[PDB]
Structures are given as C-alpha cells and as structure tokens.
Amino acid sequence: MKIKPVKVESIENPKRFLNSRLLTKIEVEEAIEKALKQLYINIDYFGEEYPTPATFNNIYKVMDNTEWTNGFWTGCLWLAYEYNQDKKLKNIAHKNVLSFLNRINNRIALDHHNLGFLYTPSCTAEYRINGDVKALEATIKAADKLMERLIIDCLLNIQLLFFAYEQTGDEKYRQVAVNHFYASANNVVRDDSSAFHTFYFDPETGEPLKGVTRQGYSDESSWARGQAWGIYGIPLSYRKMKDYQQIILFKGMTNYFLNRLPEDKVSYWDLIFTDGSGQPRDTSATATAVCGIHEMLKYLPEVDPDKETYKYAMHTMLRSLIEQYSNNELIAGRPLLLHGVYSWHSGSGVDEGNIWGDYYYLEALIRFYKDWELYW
C-alpha cells in the first residue's frame, strides 16, 4: 500500500510546450471528420471482420476475432458513434460485441492476452453507451477469466476489475485490482521512472517463456509504448483508488517521457532515440500518452506547478499527430495514424499503422472535443 520512491525529473525547457497554440474546436473537429472518412471506408472493407494488429505497407489485412487487438477496432466504431450518433456504427459494433461474447464463452484464443484491451473498448464501451445486457455479460465474463488469472499494460487490464467491482459490489474484484496496481508500480517501473520489461524467462528453469515478446531496444533502454501504458494506466487506476502517491508516480513517468521527446514531440519507438538516430517513431505511444495526460489533468490540483505545462504538452503532441502523422490517403485498409512500431525485434509492424494507435488517437480527439464518458 506504498509506492516506492522514484526520481521525478523537472520538465526540461517547458516553453517548448507552453509556447504552442492550443488545439481549437475546428482543428479537432476536422481531425475527427478526416478519421471518420477512413473509418467509413474501412467499414465496407472489414465487414463483420477485423483489421490485423498492424498494417502491411500501410494497409490492414482482414482477420477473424482471434488476436489481442480486436477490441480496438470496435473501440474506433464506438468513438465515432459518440461523435455523430450514426446507428450504422452502433449496429456493426454491436455485432462485434456479440462476437466477443461468443469468444469469451468458448475461450477462443485468449492466450495470456490483456483482457481489458479486448473487452473494454468493445463490450464495456457499449454498456456505457446504451446499457446493453449482452455487452455487460461479456464484460463480467472476461473479468471472471482475469480473476482466475506482471507487465506494465496490466495497469489498463485491471480497469476491467474495477468495473466488475462497481457492477457486482464484490470487493474481491477490487482487492485483486488494487494489489495488482501496487505490484505493477513497484516491480515494472524503475527507480528513475522508466518502465521496464516483464519476465522473459521461467524463474525456475530459465526456459524462454511462451508467447512473450521482447519489447524495447534493450534491458537498459526505455520502450516508448511501455512508458505510455504507465502514463495512462496510472491515472485510470487513480480514479478508482485516489492514492496521492499515484499522482507523483504519474509525474515521474510523464516527465521522463516528455524529456525524451524529439523536436516534433512525437516519441521514437524507444526513448533512448531522438532526432538524428534514423530510428522509426511509435506514434501509438504518443497517442496513448496524450490520453493519459488528459485523464490525469481531470484530477491534478490547480496548484500543481506543472499542470499548465501538461495541458500544453498534450496539445503539442496531439497537434503533431494530427498535422504530421495522421493518414491523408482515403484508401481501403489505410489506418487513422501512420508510423507506429508493433514489435521491433521480431520485425512486425515496424513503421506501420497499428490498431491500438488508431484507437488512442481517436480517443484523444474525442476526449478533447466532448466531455467523454470513459469506456475504461
């Protein structure tokens, strides 16, 4: 019930954020409209099926409901639906929900996949929006699967458990979520506020763990998306826990991230790289961090000397995403956002759009545009 001390860096050169122009309503509206043009085109391309995790030379392939990423496509549909109230979006996304209910009922391809990622933006999303009982059923069933049961994205995985607690009143859901927050905070964040890797090898035999992918350049580096899972997963958990130490841990992880952004404020795939490295960007890490900062700002005290800096930072990052990284070719299978990195070491989705990146980009847009009720 205590978070270990971490180093909180000062935000260096804060004027690089504070001198930016805030994103206007017209700017965000047009960014949304441009995204939805691509989404409506992709709707006829995927049908009742789903994009692959990442694009191939910037075009998604079509697949069934068997990856770790399928929920993020349904999430794009719900976000768009909240923008325009088009029942077509609702109809298609509810079909996805039905598919997710089937998938959890039959335990199809669940591996060790983050269940929050699969069920929150798809099923919990619909329950937020219209109270659909099947979406609720699918969500609780996934929470129960997670209960039977350390990576930093577990910070988003446990939001499923907080939802289950709220819906059931069963404190066991909450007890697990809270324990898992502190286990994650103390064991997968370094004392310098960098995120760190999970277990790659069996703790008894040293055997390579099955279905575990090396992320980040090295044991000594700072994987950008991992850092971002912290930046967003911490305030999400803070909503449900209200431990002020969580705000300090957020400032540590976020300042660490901001201080390693390059000139256009869009993270390289690993934070050890910046301008001149020749390394690919990971826009998805940046979109995720914008969402996390936006969320934390709902709670951060007015007297926090960095609050205004954070506000300008997320605007600076989102503006760069909209202006330099968002997709401009309205072609079947194109993503919302270019230049992400899925898995550098395995050579997958390197400098490709990815579906979680598209999701968090649209979520950031919707967050800025409206008072958005969280799926998480």
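Position 1 is the first residue in the sequence shown; the rest follow in order.
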For the step residue 87 to residue 88, what size class fits the number of deposited residues with no coordinates, none, 1 to 3, 4 to 9, or 10 or more? none
Of the two stretches 332-340 and 26-34, which shows the higher Cα B-factor on average in the entry? 332-340
Could you check the entry and say whether 207-215 or 139-147 has the higher mean CA B-factor? 207-215
If you check the C-alpha B-factor for each of 180, 242, 174, 112 in the entry, which is highest? 112
Test of reading the entry: by CA B factor among the chain's modelled residues, which third contains residue 7? middle
Mind checking which third residue 58 falls in for C-alpha B-factor across the chain? highest
For the chain shown, is the CA B-factor of residue 199 in the lowest, middle or highest third of its modelled residues? highest
Entry-reported Cα temperature factor of residue 125, expressed as the chain third it lands in: lowest
Sorting the chain's CA B-factors, does residue 75 end up in the lowest, middle or highest third? middle
